[PDB]
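As provided, start_17.cif (mmCIF, C-alpha atoms and all ligand atoms) reads as follows.
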```cif
data_model
loop_
_atom_site.group_PDB
_atom_site.id
_atom_site.type_symbol
_atom_site.label_atom_id
_atom_site.label_comp_id
_atom_site.auth_asym_id
_atom_site.auth_seq_id
_atom_site.Cartn_x
_atom_site.Cartn_y
_atom_site.Cartn_z
ATOM 1 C CA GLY P 53 9.386 -3.674 -4.067
ATOM 2 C CA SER P 54 13.104 -3.641 -4.731
ATOM 3 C CA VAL P 55 14.347 -7.247 -4.681
ATOM 4 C CA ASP P 56 16.304 -7.940 -1.416
ATOM 5 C CA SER P 57 13.735 -5.720 0.343
ATOM 6 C CA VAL P 58 10.369 -6.482 1.908
ATOM 7 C CA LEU P 59 7.320 -4.547 3.127
ATOM 8 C CA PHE P 60 7.647 -3.945 6.859
ATOM 9 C CA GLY P 61 4.246 -2.445 7.553
ATOM 10 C CA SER P 62 2.432 0.849 7.584
ATOM 11 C CA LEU P 63 1.527 3.803 9.707
ATOM 12 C CA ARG P 64 -1.301 6.300 9.498
ATOM 13 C CA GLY P 65 -0.781 9.882 10.456
ATOM 14 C CA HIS P 66 -1.390 13.473 9.365
ATOM 15 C CA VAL P 67 0.266 16.229 7.468
ATOM 16 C CA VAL P 68 -0.020 19.346 9.572
ATOM 17 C CA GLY P 69 0.604 22.988 9.129
ATOM 18 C CA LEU P 70 -1.221 23.178 5.782
ATOM 19 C CA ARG P 71 -2.229 26.804 6.423
ATOM 20 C CA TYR P 72 1.521 27.842 6.241
ATOM 21 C CA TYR P 73 2.303 26.495 2.761
ATOM 22 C CA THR P 74 0.923 26.837 -0.695
ATOM 23 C CA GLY P 75 1.563 23.362 -2.160
ATOM 24 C CA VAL P 76 -1.497 21.288 -3.104
ATOM 25 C CA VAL P 77 -2.118 17.513 -3.296
ATOM 26 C CA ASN P 78 -4.810 15.356 -4.977
ATOM 27 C CA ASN P 79 -6.428 12.326 -3.367
ATOM 28 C CA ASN P 80 -4.602 9.055 -3.957
ATOM 29 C CA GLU P 81 -1.403 10.934 -4.818
ATOM 30 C CA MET P 82 2.063 10.085 -3.535
ATOM 31 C CA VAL P 83 3.748 12.738 -1.421
ATOM 32 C CA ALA P 84 7.516 13.088 -0.707
ATOM 33 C CA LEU P 85 8.846 13.085 2.852
ATOM 34 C CA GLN P 86 11.915 15.279 3.206
ATOM 35 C CA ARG P 87 13.989 15.724 6.294
ATOM 36 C CA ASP P 88 14.615 19.315 7.364
ATOM 37 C CA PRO P 89 17.501 19.178 9.822
ATOM 38 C CA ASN P 90 17.927 22.945 9.602
ATOM 39 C CA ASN P 91 14.438 23.662 10.946
ATOM 40 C CA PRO P 92 15.009 26.112 13.676
ATOM 41 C CA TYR P 93 12.030 24.849 15.756
ATOM 42 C CA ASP P 94 12.565 21.092 15.564
ATOM 43 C CA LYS P 95 15.739 19.304 14.566
ATOM 44 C CA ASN P 96 13.603 16.251 13.762
ATOM 45 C CA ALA P 97 11.385 18.068 11.291
ATOM 46 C CA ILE P 98 10.096 16.239 8.230
ATOM 47 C CA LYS P 99 8.577 18.247 5.446
ATOM 48 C CA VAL P 100 5.836 16.872 3.206
ATOM 49 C CA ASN P 101 6.108 17.898 -0.461
ATOM 50 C CA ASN P 102 3.827 17.153 -3.341
ATOM 51 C CA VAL P 103 4.956 15.210 -6.471
ATOM 52 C CA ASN P 104 6.051 18.519 -8.105
ATOM 53 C CA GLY P 105 8.290 19.271 -5.090
ATOM 54 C CA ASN P 106 6.273 22.157 -3.523
ATOM 55 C CA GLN P 107 5.880 21.943 0.245
ATOM 56 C CA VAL P 108 2.455 21.048 1.640
ATOM 57 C CA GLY P 109 3.176 20.875 5.324
ATOM 58 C CA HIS P 110 5.087 18.829 7.907
ATOM 59 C CA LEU P 111 4.630 15.521 9.634
ATOM 60 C CA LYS P 112 3.111 15.995 13.036
ATOM 61 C CA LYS P 113 5.899 16.539 15.567
ATOM 62 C CA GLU P 114 5.447 13.259 17.538
ATOM 63 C CA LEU P 115 5.632 11.256 14.348
ATOM 64 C CA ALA P 116 8.665 13.172 13.065
ATOM 65 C CA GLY P 117 10.198 12.608 16.455
ATOM 66 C CA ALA P 118 10.223 8.887 15.755
ATOM 67 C CA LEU P 119 10.761 8.833 12.016
ATOM 68 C CA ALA P 120 13.679 11.279 11.658
ATOM 69 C CA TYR P 121 16.116 8.671 13.095
ATOM 70 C CA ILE P 122 14.818 6.020 10.700
ATOM 71 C CA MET P 123 15.249 8.404 7.719
ATOM 72 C CA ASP P 124 18.680 9.714 8.825
ATOM 73 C CA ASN P 125 20.046 6.200 9.288
ATOM 74 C CA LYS P 126 18.388 4.780 6.190
ATOM 75 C CA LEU P 127 16.709 2.017 8.189
ATOM 76 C CA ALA P 128 13.678 1.947 5.956
ATOM 77 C CA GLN P 129 12.229 3.601 2.922
ATOM 78 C CA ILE P 130 8.936 5.367 3.710
ATOM 79 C CA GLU P 131 6.370 6.094 0.952
ATOM 80 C CA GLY P 132 3.514 8.459 1.765
ATOM 81 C CA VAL P 133 0.081 8.550 0.037
ATOM 82 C CA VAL P 134 -2.739 10.880 0.791
ATOM 83 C CA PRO P 135 -5.847 8.624 0.737
ATOM 84 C CA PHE P 136 -8.489 11.371 0.999
ATOM 85 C CA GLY P 137 -8.867 14.739 2.549
ATOM 86 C CA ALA P 138 -6.536 16.474 0.080
ATOM 87 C CA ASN P 139 -8.761 19.571 0.330
ATOM 88 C CA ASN P 140 -8.864 19.755 4.120
ATOM 89 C CA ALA P 141 -8.191 23.149 5.717
ATOM 90 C CA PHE P 142 -5.716 22.376 8.513
ATOM 91 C CA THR P 143 -4.433 18.735 8.416
ATOM 92 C CA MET P 144 -4.487 16.017 5.811
ATOM 93 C CA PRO P 145 -4.430 12.228 6.337
ATOM 94 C CA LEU P 146 -1.391 10.358 5.296
ATOM 95 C CA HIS P 147 -0.739 6.674 4.828
ATOM 96 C CA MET P 148 2.892 5.627 5.065
ATOM 97 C CA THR P 149 4.304 2.370 3.782
ATOM 98 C CA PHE P 150 7.610 1.134 5.184
ATOM 99 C CA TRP P 151 9.969 -1.254 3.442
ATOM 100 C CA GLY P 152 13.560 -2.321 3.690
ATOM 101 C CA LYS P 153 15.968 -5.095 4.670
ATOM 102 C CA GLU P 154 15.328 -7.557 7.609
ATOM 103 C CA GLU P 155 18.694 -6.758 9.099
ATOM 104 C CA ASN P 156 17.007 -3.380 9.906
ATOM 105 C CA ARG P 157 13.521 -4.416 10.872
ATOM 106 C CA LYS P 158 14.298 -4.762 14.637
ATOM 107 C CA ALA P 159 15.875 -1.308 14.751
ATOM 108 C CA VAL P 160 12.799 0.167 13.008
ATOM 109 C CA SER P 161 10.495 -1.600 15.413
ATOM 110 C CA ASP P 162 12.447 -0.574 18.489
ATOM 111 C CA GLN P 163 12.609 3.039 17.384
ATOM 112 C CA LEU P 164 8.867 3.125 16.795
ATOM 113 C CA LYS P 165 8.075 1.330 20.090
ATOM 114 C CA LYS P 166 10.305 3.653 22.088
ATOM 115 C CA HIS P 167 8.169 6.458 20.760
ATOM 116 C CA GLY P 168 4.798 4.783 21.361
ATOM 117 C CA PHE P 169 4.159 3.770 17.705
ATOM 118 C CA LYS P 170 3.712 0.370 16.138
ATOM 119 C CA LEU P 171 3.529 -0.649 12.503
ATOM 120 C CA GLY P 172 0.266 -1.995 11.120
ATOM 121 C CA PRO P 173 0.173 -4.412 8.219
ATOM 122 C CA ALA P 174 1.418 -3.452 4.830
ATOM 123 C CA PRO P 175 0.908 -1.685 2.552
ATOM 124 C CA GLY J 53 4.497 2.610 -8.531
ATOM 125 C CA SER J 54 6.544 3.789 -11.510
ATOM 126 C CA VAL J 55 5.923 7.168 -13.239
ATOM 127 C CA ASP J 56 3.635 7.824 -15.263
ATOM 128 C CA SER J 57 1.402 5.317 -13.493
ATOM 129 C CA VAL J 58 -0.950 6.434 -10.755
ATOM 130 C CA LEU J 59 -2.614 4.620 -7.793
ATOM 131 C CA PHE J 60 -6.268 3.826 -8.537
ATOM 132 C CA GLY J 61 -7.264 2.512 -5.140
ATOM 133 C CA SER J 62 -7.575 -0.562 -2.958
ATOM 134 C CA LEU J 63 -9.806 -3.581 -2.703
ATOM 135 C CA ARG J 64 -10.212 -5.978 0.218
ATOM 136 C CA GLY J 65 -11.133 -9.578 -0.315
ATOM 137 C CA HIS J 66 -10.172 -13.116 0.610
ATOM 138 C CA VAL J 67 -8.087 -15.963 -0.718
ATOM 139 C CA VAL J 68 -10.223 -19.111 -0.689
ATOM 140 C CA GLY J 69 -9.636 -22.803 -1.268
ATOM 141 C CA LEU J 70 -6.711 -22.993 1.160
ATOM 142 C CA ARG J 71 -7.500 -26.548 2.238
ATOM 143 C CA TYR J 72 -6.780 -27.787 -1.291
ATOM 144 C CA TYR J 73 -3.226 -26.378 -1.715
ATOM 145 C CA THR J 74 0.276 -26.737 -0.154
ATOM 146 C CA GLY J 75 1.522 -23.148 -0.437
ATOM 147 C CA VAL J 76 2.022 -21.253 2.843
ATOM 148 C CA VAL J 77 2.032 -17.459 3.205
ATOM 149 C CA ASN J 78 3.478 -15.430 6.076
ATOM 150 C CA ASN J 79 1.499 -12.776 7.851
ATOM 151 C CA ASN J 80 2.004 -9.462 6.377
ATOM 152 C CA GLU J 81 3.583 -10.701 3.147
ATOM 153 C CA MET J 82 3.236 -10.198 -0.647
ATOM 154 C CA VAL J 83 1.477 -12.763 -2.823
ATOM 155 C CA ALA J 84 1.295 -13.207 -6.635
ATOM 156 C CA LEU J 85 -2.039 -13.112 -8.570
ATOM 157 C CA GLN J 86 -1.842 -15.394 -11.615
ATOM 158 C CA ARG J 87 -4.601 -15.844 -14.218
ATOM 159 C CA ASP J 88 -5.610 -19.515 -14.787
ATOM 160 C CA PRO J 89 -7.629 -19.125 -18.049
ATOM 161 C CA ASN J 90 -7.729 -22.889 -18.672
ATOM 162 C CA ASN J 91 -9.256 -23.664 -15.304
ATOM 163 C CA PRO J 92 -12.224 -25.762 -16.286
ATOM 164 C CA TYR J 93 -14.375 -24.617 -13.378
ATOM 165 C CA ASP J 94 -13.980 -20.889 -14.157
ATOM 166 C CA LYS J 95 -12.326 -19.306 -17.141
ATOM 167 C CA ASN J 96 -11.970 -16.137 -15.023
ATOM 168 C CA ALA J 97 -9.977 -17.961 -12.312
ATOM 169 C CA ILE J 98 -7.105 -16.182 -10.564
ATOM 170 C CA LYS J 99 -4.625 -18.268 -8.609
ATOM 171 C CA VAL J 100 -2.920 -16.829 -5.559
ATOM 172 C CA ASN J 101 0.678 -17.975 -5.223
ATOM 173 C CA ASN J 102 3.246 -17.342 -2.487
ATOM 174 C CA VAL J 103 6.587 -15.735 -3.153
ATOM 175 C CA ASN J 104 8.097 -19.117 -4.242
ATOM 176 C CA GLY J 105 5.381 -19.584 -6.859
ATOM 177 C CA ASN J 106 3.548 -22.241 -4.949
ATOM 178 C CA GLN J 107 -0.200 -22.021 -5.119
ATOM 179 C CA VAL J 108 -1.956 -20.996 -1.944
ATOM 180 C CA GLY J 109 -5.564 -20.870 -3.248
ATOM 181 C CA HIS J 110 -7.685 -18.746 -5.520
ATOM 182 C CA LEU J 111 -9.385 -15.391 -5.414
ATOM 183 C CA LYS J 112 -12.981 -15.786 -4.527
ATOM 184 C CA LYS J 113 -14.987 -16.495 -7.694
ATOM 185 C CA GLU J 114 -17.018 -13.286 -7.540
ATOM 186 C CA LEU J 115 -13.920 -11.155 -7.322
ATOM 187 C CA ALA J 116 -12.155 -13.062 -10.084
ATOM 188 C CA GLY J 117 -15.129 -12.458 -12.282
ATOM 189 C CA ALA J 118 -14.539 -8.753 -11.942
ATOM 190 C CA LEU J 119 -10.753 -8.755 -12.097
ATOM 191 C CA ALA J 120 -9.984 -11.216 -14.918
ATOM 192 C CA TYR J 121 -10.924 -8.703 -17.616
ATOM 193 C CA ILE J 122 -8.785 -6.060 -15.930
ATOM 194 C CA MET J 123 -5.746 -8.387 -15.900
ATOM 195 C CA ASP J 124 -6.303 -9.866 -19.419
ATOM 196 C CA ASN J 125 -6.557 -6.374 -20.921
ATOM 197 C CA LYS J 126 -3.696 -4.970 -18.844
ATOM 198 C CA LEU J 127 -5.889 -2.219 -17.483
ATOM 199 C CA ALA J 128 -4.227 -2.178 -14.050
ATOM 200 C CA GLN J 129 -1.446 -3.844 -12.129
ATOM 201 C CA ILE J 130 -2.800 -5.433 -9.018
ATOM 202 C CA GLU J 131 -0.558 -6.093 -6.020
ATOM 203 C CA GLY J 132 -1.637 -8.415 -3.259
ATOM 204 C CA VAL J 133 -0.586 -8.542 0.405
ATOM 205 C CA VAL J 134 -1.916 -10.817 3.104
ATOM 206 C CA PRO J 135 -2.170 -8.417 6.039
ATOM 207 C CA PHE J 136 -3.060 -10.964 8.722
ATOM 208 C CA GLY J 137 -4.835 -14.317 9.108
ATOM 209 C CA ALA J 138 -2.137 -16.108 7.143
ATOM 210 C CA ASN J 139 -2.552 -19.114 9.486
ATOM 211 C CA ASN J 140 -6.301 -19.439 8.706
ATOM 212 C CA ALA J 141 -7.376 -22.942 7.611
ATOM 213 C CA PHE J 142 -9.992 -22.052 4.969
ATOM 214 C CA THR J 143 -9.916 -18.383 3.898
ATOM 215 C CA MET J 144 -7.424 -15.554 4.349
ATOM 216 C CA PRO J 145 -7.617 -11.792 4.105
ATOM 217 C CA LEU J 146 -6.158 -10.151 1.068
ATOM 218 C CA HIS J 147 -5.408 -6.515 0.420
ATOM 219 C CA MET J 148 -5.111 -5.491 -3.241
ATOM 220 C CA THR J 149 -3.579 -2.295 -4.492
ATOM 221 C CA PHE J 150 -4.435 -1.152 -8.011
ATOM 222 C CA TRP J 151 -2.242 1.014 -10.161
ATOM 223 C CA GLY J 152 -2.032 1.865 -13.838
ATOM 224 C CA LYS J 153 -2.070 4.464 -16.562
ATOM 225 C CA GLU J 154 -4.429 7.298 -15.700
ATOM 226 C CA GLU J 155 -6.244 6.753 -19.070
ATOM 227 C CA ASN J 156 -7.497 3.386 -17.843
ATOM 228 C CA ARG J 157 -9.136 4.731 -14.703
ATOM 229 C CA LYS J 158 -12.698 4.837 -16.095
ATOM 230 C CA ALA J 159 -12.357 1.389 -17.635
ATOM 231 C CA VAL J 160 -11.259 -0.149 -14.308
ATOM 232 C CA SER J 161 -14.063 1.466 -12.347
ATOM 233 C CA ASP J 162 -16.737 0.551 -14.985
ATOM 234 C CA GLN J 163 -15.515 -3.068 -14.962
ATOM 235 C CA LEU J 164 -15.622 -3.276 -11.134
ATOM 236 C CA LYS J 165 -19.035 -1.621 -11.016
ATOM 237 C CA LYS J 166 -20.462 -4.158 -13.504
ATOM 238 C CA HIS J 167 -19.759 -6.709 -10.790
ATOM 239 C CA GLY J 168 -21.024 -4.611 -7.834
ATOM 240 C CA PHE J 169 -17.508 -3.505 -6.706
ATOM 241 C CA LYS J 170 -15.664 -0.153 -6.423
ATOM 242 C CA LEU J 171 -12.198 0.688 -5.195
ATOM 243 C CA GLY J 172 -11.474 2.222 -1.865
ATOM 244 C CA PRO J 173 -8.702 4.658 -0.910
ATOM 245 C CA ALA J 174 -5.129 3.915 -1.915
ATOM 246 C CA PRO J 175 -2.980 2.073 -1.173
HETATM 247 NA NA NA F 1 -3.170 -24.956 2.188
HETATM 248 NA NA NA F 2 -1.164 -25.910 -7.753
#
```
Taking this structure as input, can you express it in the form of structure tokens?
Amino acid sequence: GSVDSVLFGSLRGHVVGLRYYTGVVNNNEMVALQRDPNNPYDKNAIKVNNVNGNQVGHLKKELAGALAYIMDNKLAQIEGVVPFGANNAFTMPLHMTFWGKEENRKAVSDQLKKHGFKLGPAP
Amino acid sequence: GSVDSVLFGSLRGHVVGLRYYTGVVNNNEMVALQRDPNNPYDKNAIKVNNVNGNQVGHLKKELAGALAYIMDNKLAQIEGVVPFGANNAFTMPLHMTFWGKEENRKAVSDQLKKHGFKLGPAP
């Protein structure tokens, strides 16, 4: 939205590890992605928090494995929305919208491609 | 979407009337929805413009009939993206995201349902 920036595309994925956390989400709600570089199992960890800031889970490890570099180097802004399945037991769907500057679009695309991902259309 | 607005959902439709207008859209790009209340063929008309303000076409008449009331009464903000098919000669896919004040949620859904529509998952 921010002027100077454009929608790049979207990805679909899942929040995992719900059984380990107590944070809850409603359908159609935004969630916050938050890097956790101190995670002692995965340096590329990305937590998913609800709008109140309580943790819900993590991005699946393959997806974090691609996105952590994009977050760390501020190559895009990534907004997550849970479209449905907010009451699921183990994993929850997540829709991610990517936006930013064109000077960074190639880098985002290359990072995703090198990890087997590809953006779909926005939002 | 700004606080305290919420996402209501999504709608998929088409931009029509492309053969009549000069405006070009790029694949995977935002468009502007603009009410055309003095359109003599349809008081409910909604123009679709590209990011320069040039008209590209119109929302299909059946969809405009549902959405004009929503726009005129400021019940939701509606954001349009053309996800693909931007090179189509006649009609072009359009993805609409709806957001607004949570107190308008019933009014939006009742208005859409009067015209045989409902929103899908956000965004
Ligand atoms: Na045209
Ligand atoms: Na025109």
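What the PyMOL selection byres (((chain J and resi 71-75) around 9) and not hetatm) picks from this file is residues 68, 69, 70, 76, 77, 101, 102, 104, 105, 106, 107, 108, 109, 141, 142 and 143 of chain J.
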Picked residues, the PyMOL selection byres ((chain P) within 12 of (chain J)), as an mmCIF file with C-alpha atoms, keeping the file's coordinate frame:
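The resulting file, out-v8.cif, is shown below:
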```
data_model
loop_
_atom_site.group_PDB
_atom_site.id
_atom_site.type_symbol
_atom_site.label_atom_id
_atom_site.label_comp_id
_atom_site.auth_asym_id
_atom_site.auth_seq_id
_atom_site.Cartn_x
_atom_site.Cartn_y
_atom_site.Cartn_z
ATOM 1 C CA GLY P 53 9.386 -3.674 -4.067
ATOM 2 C CA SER P 54 13.104 -3.641 -4.731
ATOM 3 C CA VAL P 55 14.347 -7.247 -4.681
ATOM 4 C CA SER P 57 13.735 -5.720 0.343
ATOM 5 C CA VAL P 58 10.369 -6.482 1.908
ATOM 6 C CA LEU P 59 7.320 -4.547 3.127
ATOM 7 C CA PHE P 60 7.647 -3.945 6.859
ATOM 8 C CA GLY P 61 4.246 -2.445 7.553
ATOM 9 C CA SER P 62 2.432 0.849 7.584
ATOM 10 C CA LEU P 63 1.527 3.803 9.707
ATOM 11 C CA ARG P 64 -1.301 6.300 9.498
ATOM 12 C CA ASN P 78 -4.810 15.356 -4.977
ATOM 13 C CA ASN P 79 -6.428 12.326 -3.367
ATOM 14 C CA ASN P 80 -4.602 9.055 -3.957
ATOM 15 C CA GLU P 81 -1.403 10.934 -4.818
ATOM 16 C CA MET P 82 2.063 10.085 -3.535
ATOM 17 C CA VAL P 103 4.956 15.210 -6.471
ATOM 18 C CA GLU P 131 6.370 6.094 0.952
ATOM 19 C CA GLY P 132 3.514 8.459 1.765
ATOM 20 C CA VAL P 133 0.081 8.550 0.037
ATOM 21 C CA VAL P 134 -2.739 10.880 0.791
ATOM 22 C CA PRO P 135 -5.847 8.624 0.737
ATOM 23 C CA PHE P 136 -8.489 11.371 0.999
ATOM 24 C CA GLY P 137 -8.867 14.739 2.549
ATOM 25 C CA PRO P 145 -4.430 12.228 6.337
ATOM 26 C CA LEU P 146 -1.391 10.358 5.296
ATOM 27 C CA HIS P 147 -0.739 6.674 4.828
ATOM 28 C CA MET P 148 2.892 5.627 5.065
ATOM 29 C CA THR P 149 4.304 2.370 3.782
ATOM 30 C CA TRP P 151 9.969 -1.254 3.442
ATOM 31 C CA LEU P 171 3.529 -0.649 12.503
ATOM 32 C CA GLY P 172 0.266 -1.995 11.120
ATOM 33 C CA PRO P 173 0.173 -4.412 8.219
ATOM 34 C CA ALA P 174 1.418 -3.452 4.830
ATOM 35 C CA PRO P 175 0.908 -1.685 2.552
#
```
Checklist line | Residues returned when the PyMOL selection byres (((chain J and resi 163) around 12) and not hetatm) runs on this file, as an MDAnalysis selection string | finding: chainID J and resid 115:123 125 127:128 156:162 164:171
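The space separating CA of residue 130 in chain J from CA of residue 67 in chain P comes to 27.4 Å.
Reported to one decimal place, the separation of CA of residue 113 in chain P from CA of residue 95 in chain P is 10.3 Å.
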Check: Which residues, written as number ranges by chain, have at least one atom at most 7 Å from residue 87 in chain J, with only C-alpha atoms counted and residues fewer than 4 positions away on the same chain left out?
Finding: J: 97-99
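For the choices J:126, J:155, J:56, J:100, the atom-to-atom distance to ligand NA 1 (chain F) is smallest for J:100 when using only C-alpha atoms and all ligand atoms.
As for CA of residue 139 in chain J and atom NA of ligand NA 1 (chain F), they are spaced 9.4 Å apart.
Across J:88, J:114, J:124, J:154, the tightest approach to ligand NA 2 (chain F) is made by J:88 when counting all atoms listed in the file.
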Kindly compute an axis-aligned box around the listed atoms of range 109-112 of chain P, allowing 4 Å on each side, and express its centre and edge lengths in Å to one decimal as JSON.
```
{"center_x": 4.1, "center_y": 18.2, "center_z": 9.2, "size_x": 10.0, "size_y": 13.4, "size_z": 15.7}
```
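Distance annotation: of J:84, J:111, J:138, J:150, the residue with the minimal separation from ligand NA 1 (chain F) is J:138; atom set is only C-alpha atoms and all ligand atoms.
Residue nearest ligand NA 2 (chain F), chosen from J:96, J:66, J:91, J:112 and counting only C-alpha atoms and all ligand atoms: J:91.
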Start from the incomplete input, build N, CA and C atoms for range 100-120 of chain P, and deliver everything as an mmCIF file, keeping the file's coordinate frame.
```
data_model
loop_
_atom_site.group_PDB
_atom_site.id
_atom_site.type_symbol
_atom_site.label_atom_id
_atom_site.label_comp_id
_atom_site.auth_asym_id
_atom_site.auth_seq_id
_atom_site.Cartn_x
_atom_site.Cartn_y
_atom_site.Cartn_z
ATOM 1 N N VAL P 100 6.586 17.600 4.231
ATOM 2 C CA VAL P 100 5.836 16.872 3.206
ATOM 3 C C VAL P 100 5.695 17.730 1.959
ATOM 4 N N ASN P 101 6.176 17.200 0.831
ATOM 5 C CA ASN P 101 6.108 17.898 -0.461
ATOM 6 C C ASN P 101 5.212 17.139 -1.407
ATOM 7 N N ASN P 102 4.641 17.859 -2.373
ATOM 8 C CA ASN P 102 3.827 17.153 -3.341
ATOM 9 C C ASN P 102 4.727 16.549 -4.412
ATOM 10 N N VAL P 103 4.128 15.852 -5.379
ATOM 11 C CA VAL P 103 4.956 15.210 -6.471
ATOM 12 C C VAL P 103 5.781 16.221 -7.283
ATOM 13 N N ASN P 104 5.296 17.451 -7.410
ATOM 14 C CA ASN P 104 6.051 18.519 -8.105
ATOM 15 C C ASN P 104 7.168 19.118 -7.264
ATOM 16 N N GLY P 105 7.334 18.684 -6.008
ATOM 17 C CA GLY P 105 8.290 19.271 -5.090
ATOM 18 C C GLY P 105 7.899 20.531 -4.278
ATOM 19 N N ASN P 106 6.655 20.962 -4.313
ATOM 20 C CA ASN P 106 6.273 22.157 -3.523
ATOM 21 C C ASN P 106 5.854 21.634 -2.126
ATOM 22 N N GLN P 107 6.241 22.356 -1.093
ATOM 23 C CA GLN P 107 5.880 21.943 0.245
ATOM 24 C C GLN P 107 4.403 22.134 0.530
ATOM 25 N N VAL P 108 3.864 21.122 1.202
ATOM 26 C CA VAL P 108 2.455 21.048 1.640
ATOM 27 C C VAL P 108 2.276 21.310 3.141
ATOM 28 N N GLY P 109 3.207 20.792 3.898
ATOM 29 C CA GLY P 109 3.176 20.875 5.324
ATOM 30 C C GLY P 109 4.350 20.142 5.940
ATOM 31 N N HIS P 110 4.110 19.635 7.144
ATOM 32 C CA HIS P 110 5.087 18.829 7.907
ATOM 33 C C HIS P 110 4.406 17.601 8.476
ATOM 34 N N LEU P 111 5.174 16.538 8.778
ATOM 35 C CA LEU P 111 4.630 15.521 9.634
ATOM 36 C C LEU P 111 4.418 16.073 11.038
ATOM 37 N N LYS P 112 3.364 15.619 11.663
ATOM 38 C CA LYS P 112 3.111 15.995 13.036
ATOM 39 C C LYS P 112 4.366 15.755 13.911
ATOM 40 N N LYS P 113 4.611 16.585 14.911
ATOM 41 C CA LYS P 113 5.899 16.539 15.567
ATOM 42 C C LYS P 113 6.191 15.210 16.269
ATOM 43 N N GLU P 114 5.160 14.544 16.836
ATOM 44 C CA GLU P 114 5.447 13.259 17.538
ATOM 45 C C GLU P 114 5.888 12.213 16.541
ATOM 46 N N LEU P 115 5.294 12.251 15.363
ATOM 47 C CA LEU P 115 5.632 11.256 14.348
ATOM 48 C C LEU P 115 7.003 11.546 13.778
ATOM 49 N N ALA P 116 7.306 12.837 13.528
ATOM 50 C CA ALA P 116 8.665 13.172 13.065
ATOM 51 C C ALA P 116 9.742 12.794 14.086
ATOM 52 N N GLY P 117 9.348 12.905 15.357
ATOM 53 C CA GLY P 117 10.198 12.608 16.455
ATOM 54 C C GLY P 117 10.665 11.161 16.490
ATOM 55 N N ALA P 118 9.841 10.276 15.930
ATOM 56 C CA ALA P 118 10.223 8.887 15.755
ATOM 57 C C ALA P 118 10.848 8.615 14.402
ATOM 58 N N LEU P 119 10.304 9.202 13.326
ATOM 59 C CA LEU P 119 10.761 8.833 12.016
ATOM 60 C C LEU P 119 12.093 9.442 11.566
ATOM 61 N N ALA P 120 12.444 10.605 12.087
ATOM 62 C CA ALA P 120 13.679 11.279 11.658
ATOM 63 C C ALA P 120 14.883 10.367 11.815
#
```
